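As structure tokens, the structure follows; a few thoughts come after it.
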RNA sequence: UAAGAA
RNA sequence: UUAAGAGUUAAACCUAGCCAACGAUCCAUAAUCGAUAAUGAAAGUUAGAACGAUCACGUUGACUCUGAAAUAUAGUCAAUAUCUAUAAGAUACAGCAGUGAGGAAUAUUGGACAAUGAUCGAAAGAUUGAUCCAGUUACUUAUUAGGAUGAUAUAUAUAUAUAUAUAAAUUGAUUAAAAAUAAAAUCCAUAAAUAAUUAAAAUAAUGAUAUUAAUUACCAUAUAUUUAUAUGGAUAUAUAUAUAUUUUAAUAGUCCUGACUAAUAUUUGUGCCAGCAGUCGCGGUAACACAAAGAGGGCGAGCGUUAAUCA
Ligand SMILES: [Mg+2]
Ligand SMILES: [Mg+2]
Ligand SMILES: [Mg+2]
Ligand SMILES: [Mg+2]
Ligand SMILES: [Mg+2]
Ligand SMILES: [Mg+2]
Ligand SMILES: [Mg+2]
Ligand SMILES: [Mg+2]
Ligand SMILES: [Mg+2]
Ligand SMILES: [Mg+2]
Ligand SMILES: [Mg+2]
Ligand SMILES: [Mg+2]
Ligand SMILES: [Mg+2]
Ligand SMILES: [Mg+2]
Ligand SMILES: [Mg+2]
Ligand SMILES: [Mg+2]
Ligand SMILES: [Mg+2]
Ligand SMILES: [Mg+2]
Ligand SMILES: [Mg+2]
Ligand SMILES: [Mg+2]
Ligand SMILES: [Mg+2]
Ligand SMILES: [Mg+2]
Ligand SMILES: [Mg+2]
Ligand SMILES: [Mg+2]
């Protein structure tokens, strides 16, 4: 499972799941974090938003594009 | 409003507020709404699906949920059969102008009624109303432009090309009949009288007939064959070139090709299955006027909300819309 | 206008659709603040008249609701009407021509008529 | 349990067998074609029972259950037809017994699944003229016209107004030939209201059911007390139900303003009372809310109340 | 009605010169006609190219002339020499120091 | 907005209606007699008892109610010119017309308020004495022996 | 005018 | 002392009281409320953005003058931070625009005082970033965003069940497997445009909005009570006058289809991987759950999702 530790602007450091088939997250990347846990990963209680910040939308996404930051 | 999409799908089989032929078949083959073997949610969903397909389909779900009323209105007779209270589930839509026009039979559909309203062809007790959501109160007289009503209720006006091809076929059949009559008038008279015997008096021709001579076949005249290629594009020519006993000096369906309907006016096909006289309107067809008497009510054994679905379906739909589908 | 107590119009309604309360207000409070009293309503848009009814000769109607007895009380104790309210009250018969001005100062086609 | 259910006909029809690779057909389409019958060169379905309007004041409503979905008839002799194995239309091998003895109530039932929807009765022009003459000339009150002809009073008043409009239109030669043909073909489609019949005349003792009564309330009283409609009306704090029928069968000071030449409008001042007149302060704003109040101007323009 | 040209205001040019507010540049849009000055309404002036303030001022002064009231130039109020009240203390402080 | 149900479902508020006459008048004998009545004592007492002394700097009795004499109120609030007239000038005429209109309206308001208060008292007395009869008629009409009462079991002796 | 479900 | 009570503030004398486990004192947190909004069957709960009511503050603190009322957005002194004019100076945008920062996130350095108010003036009038309009923004709510008809194309031959043949016939499939009356074509509209007028917001006059709304499809008038036929100005034509009298459409996303939970017409790729997931859970070669095609079910100028409130 692809995850990342993220320090938020309010100072809290959280573990966020990275959804989608492939991601381009790397140290010092700017991300946007919403609620929603990864059920099978204990301690990871947040999701990263695909298509926002430095995290690109899923490549060659056809279905549910809005959930994965993909353009038509 | 919703964009009309697949309103007449045979596979879906939803019944619409429309005199459409496909709508007629959907109504015919329906039977009843099957509620057996279904959970309560599935029953309510099926009921909502069918009944909203009929009652006010062009309204969005959220707008319909806003205009839905839990109140159901009925009359008690002071002077026995059970009052179907829950057929009033969609009574509130019946005071809308677009539904009043359809129930008055001034439009072929609620959709056509909306368009007739939006194009300025409708009036409510004098004043032109261009808003289908307009709601009538008891006693309000509304009216439609008679040409719009005649077009909604009449048959489609054919184009020149189609009418010309039809008239070519008319000529061919007339000539074939004339040849058959001329060659062997004995058998033709025999068949004519036998058919007159077979048919019912309901036909006007039987009453007129109630009201051999070799000279008869001498009156029948062939009709010259027409080729449309040379006759194409000239309506004044084809008008004078067609002369038949039934249609005289005009191409088929276009006696006066400046009116918006089949010009020798005949009712639209498949009109009788949907010809229903409402209990909450008085309709004058000569003037294309109507009066909205009252909001529809339920009385013992009857509901004035015209619908093709039984009381259980409306019960389930009412349960759906009471709780917003919870 | 002058004085602490003033009869004026307070704006209500939507943009491009003004309606007004005729109100007795403190001179300092905001135009749309809750006043001392709401004396009536005023719709500045005339009631539409049909073209045939214009041929008949009706005049469009501007609707004013008003508590006459209380308005006379407020005029009595010294409240000062505004210019628009002064026009409204002069044509209602509450105030006479002494409240007219030089700019506002003619043949009468109709006469102020009171009905029940 | 629920799945998608393609709305196949509930009655037997011949389904597609082997199909030519390029037919590209559906069973629903074949069912519709069999229901409709052959289409003319004129785009007509003469063989379908419902294609043509009736003419004898007996509506031709659908009966897919009585007739087993067999909608075809000979247009001239009106005798039933069926589709034989060879693709021709001929007489049924056996005659239906459900299509001759049809309950008279069923003939006025537009929809086979809703017994409670029935068509209304058209009034003959003679009866409408009679009612118009009675109300307008002889000055008979609408109550006694309603009783005489067995018609609800709002219907009587609507008839009066509609006949007045018809009289104007006839005086102006505005009723064209097409309108008269349409009116008379529509009039011959519906049953004719009969004043004399007891079951065809409208019930004249209907009152709205108000919310107050709808709740069931019960009173325990001595075993022999009389308790009539008036006592019941007293208990529920309502007028008795007979005064409701009786009442259903049946000042402010204003000042118009001085108009002078050149003034485009007049002022009328309606007397009111402080504490009841005005636009209230801090009233609920619904313009951004789902129940925002929409009204219509005296010119029929949609406005925001 | 169209009033009478007076000896104080013979020509439309005289009228414009008397009312002032730099409407002297607006002498061309009129054809120097008394009728044009006294019949053109707000919409006509707007079409001709008169700005909002100019046409409103002209209509006011035309009305005054119609009802026999003087048409002498009312000047638009100006700020004080020491700025407006909100900026007066700062301006006077800097002005007295610099002089 | 369910609170609006408490006020006839009217959303928003009006300013409270001011009273034209801010104290009871002299032509209102009910209030005058009520205030000038003996004051009760005991559990519902109003004031200091016979032997109890009130605080040193306080007043034993509530302040004296000052009833309005509407004739005097008019006389002092709006008096007419004691000089016969001056009748010159233009603005002087305008001011004279305005003053007489204001004065007329103010007397009319004061006296109509007086009349309305006294009329209200008369109407309320009539309403009380009409209800006190309707109620007694109803109670007695529920005393006419009904024949059906013979079917209600009774044990009057016990 | 008070519905439950996994 | 105050207009005025009171350990309110100052002074003196006394008495020994006062509050507190039904929660004192202390600490933290927070502007408060409604005939306002949300929600619910309701009691209630939530919000306190908008509309209105009340309070407090105008960079921070104390004091003073005037005043009926001020610790005033005033003045004095001090603190903080900037500008210059370098002074017992000025400024402090929580007024309107606007900028930077912080943030997931909240707009024009707009027009007019025409209307309603407010200030000054005897008036004429002047001023008004109040206010009224417009701009930006699906943030919210409406209304519109096209109806009727429509399964073929060629041939040949006062009646009417027209009948023969030759072509073709997209995706899926071989019949209850459909996509689909959906397309296309046909008929008839209206919007927009184009021209003519053109009210109302305001009158004594003044209109920012404003390329106004609305109406008429050449223009009037003359009678009927919107539909009419007439009289007269247009109108090119052909040859004053028979004639007609602008043009004219159609533009939807987004989620989902194992159960909860509406979605049966099936297929392909992957193979406890890649991934999905609100809960149960799915994925190990036969995946209705992953990624997709076909078909299907919702809601719809929105749909989903996260954060929250109520139930
Ligand atoms: Mg998904
Ligand atoms: Mg003054
Ligand atoms: Mg299901
Ligand atoms: Mg000056
Ligand atoms: Mg003391
Ligand atoms: Mg002390
Ligand atoms: Mg505590
Ligand atoms: Mg705080
Ligand atoms: Mg709170
Ligand atoms: Mg607020
Ligand atoms: Mg705010
Ligand atoms: Mg302060
Ligand atoms: Mg600041
Ligand atoms: Mg401070
Ligand atoms: Mg600012
Ligand atoms: Mg930032
Ligand atoms: Mg102004
Ligand atoms: Mg400005
Ligand atoms: Mg294929
Ligand atoms: Mg597979
Ligand atoms: Mg799933
Ligand atoms: Mg999937
Ligand atoms: Mg698909
Ligand atoms: Mg919307």
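Protein chains in written order, with the authors' numbering: chain L, 78 to 149; chain D, 2 to 80, 88 to 219, 372 to 486; chain P, 2 to 106, 110 to 120; chain 6, 27 to 276, 291 to 345; chain 2, 30 to 128; chain V, 2 to 159.
Cβ atoms here follow ideal geometry from the backbone N, Cα and C, with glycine treated the same way.
Can you list the residues of chain D that residue i reaches, using a CB-CB cut of under 9 Å?
{"i": "residue 199 (chain 6)", "result": "By Cβ distance, chain D contributes nothing, its closest Cβ being about 12 Å from residue 199 (chain 6), past 9 Å."}
Which residues of chain 6 have a Cβ atom closer than 8 Å to the Cβ of residue i, listed in chain order?
{"i": "residue 150 (chain V)", "result": "248"}
{"i": "residue 139 (chain D)", "result": "336, 340, 342"}
{"i": "residue 110 (chain P)", "result": "300, 301"}
What in chain 6 is Cβ-close to residue i, meaning under 9 Å?
{"i": "residue 203 (chain D)", "result": "102, 103"}
{"i": "residue 160 (chain V)", "result": "Chain V is shown only over 2 to 159; residue 160 (chain V) falls outside these bounds and no answer can be derived."}
Closer than 7 Å by C-beta to residue i: which residues in its own chain qualify, once you throw out the five before and the five after it? Chain order, please.
{"i": "residue 160 (chain D)", "result": "114, 115, 116, 120"}
{"i": "residue 50 (chain P)", "result": "59, 61"}
{"i": "residue 416 (chain D)", "result": "423"}
From residue i to residue j, what does the alpha carbon distance come to, in whole angstroms?
{"i": "residue 55 (chain 2)", "j": "residue 73 (chain 2)", "result": "14 Å"}
{"i": "residue 60 (chain P)", "j": "residue 120 (chain P)", "result": "20 Å"}
{"i": "residue 429 (chain D)", "j": "residue 163 (chain 6)", "result": "42 Å"}
{"i": "residue 394 (chain D)", "j": "residue 403 (chain D)", "result": "16 Å"}
{"i": "residue 129 (chain 2)", "j": "residue 70 (chain P)", "result": "Residue 129 (chain 2) is absent from the model: chain 2 starts at 30 and stops at 128."}
{"i": "residue 19 (chain 2)", "j": "residue 114 (chain 2)", "result": "The structure shown does not extend to residue 19 (chain 2), since chain 2 spans only 30 to 128, so no value can be given for it."}
{"i": "residue 375 (chain D)", "j": "residue 411 (chain D)", "result": "30 Å"}
{"i": "residue 329 (chain 6)", "j": "residue 319 (chain 6)", "result": "20 Å"}
{"i": "residue 100 (chain L)", "j": "residue 62 (chain D)", "result": "39 Å"}
{"i": "residue 133 (chain D)", "j": "residue 93 (chain 6)", "result": "45 Å"}
For residue i, does the three-state DSSP call read helix, strand or coil?
{"i": "residue 149 (chain V)", "result": "helix"}
{"i": "residue 81 (chain L)", "result": "strand"}
{"i": "residue 39 (chain P)", "result": "strand"}
{"i": "residue 132 (chain L)", "result": "strand"}
Given that residue i touches chain V, what residues does it touch there, using C-beta distances under 9 Å?
{"i": "residue 70 (chain P)", "result": "109, 110, 113"}
Counting only Cβ pairs nearer than 7 Å, list the residues of chain V close to residue i.
{"i": "residue 298 (chain 6)", "result": "Per Cβ cutoff of 7 Å: no residues; residue 298 (chain 6) is ~17 Å from chain V at best."}
{"i": "residue 97 (chain P)", "result": "98, 102"}
So residue i contacts chain 6; which residues on that side make the cut at Cβ distance below 7 Å?
{"i": "residue 11 (chain V)", "result": "320"}
{"i": "residue 48 (chain D)", "result": "None at all; the shortest Cβ gap to chain 6 is about 12 Å."}
Can you give me the Cβ contacts of residue i inside the same chain, cut-off strictly under 8 Å, excluding the 5 residues immediately before and after it?
{"i": "residue 44 (chain D)", "result": "36, 476"}
{"i": "residue 102 (chain 2)", "result": "47, 48, 49, 50"}
{"i": "residue 17 (chain D)", "result": "8, 9, 24, 27, 54, 55, 58, 117"}
Below 8 Å on C-beta distance, what does residue i contact in chain P?
{"i": "residue 294 (chain 6)", "result": "118, 119, 120"}
In chain V, which residues lie less than 8 Å from residue i when you measure between Cβ atoms?
{"i": "residue 353 (chain 6)", "result": "Missing from the structure shown is residue 353 (chain 6); chain 6 here goes from 27 to 345 and no further."}
Under 7 Å Cβ-Cβ, which residues of chain P neighbour residue i?
{"i": "residue 291 (chain 6)", "result": "120"}
Starting from the beta carbon of residue i, find every residue of chain P whose beta carbon is closer than 9 Å, and list them in chain order.
{"i": "residue 304 (chain 6)", "result": "47, 60, 61"}
Starting from the C-beta of residue i, find all residues in its chain whose C-beta is less than 6 Å away, skip the five residues before and the five after it, and write them out in chain order.
{"i": "residue 481 (chain D)", "result": "69"}
When you check each C-beta in the region 308 to 319 of chain 6 against every C-beta of chain P, which residues fall closer than 7 Å? 308, 309, 310, 311, 312, 313, 314, 317, 318, 319
Near-chain 6 residues of the region 2 to 20 of chain P (beta-carbon distance less than 9 Å), N- to C-terminal order: 11, 13, 14, 15, 18, 20
Contact residues within the region 85 to 107 of chain V, judged by C-beta distance below 7 Å to chain P: Going along the region 85 to 107 of chain V in chain order, one finds 95, 98, 99, 102, 103, 106, 107 with a Cβ nearer than 7 Å to chain P.
Using a beta-carbon distance cut-off of less than 9 Å, what residues from the region 32 to 43 of chain P approach chain V? 35, 36, 37, 38, 39
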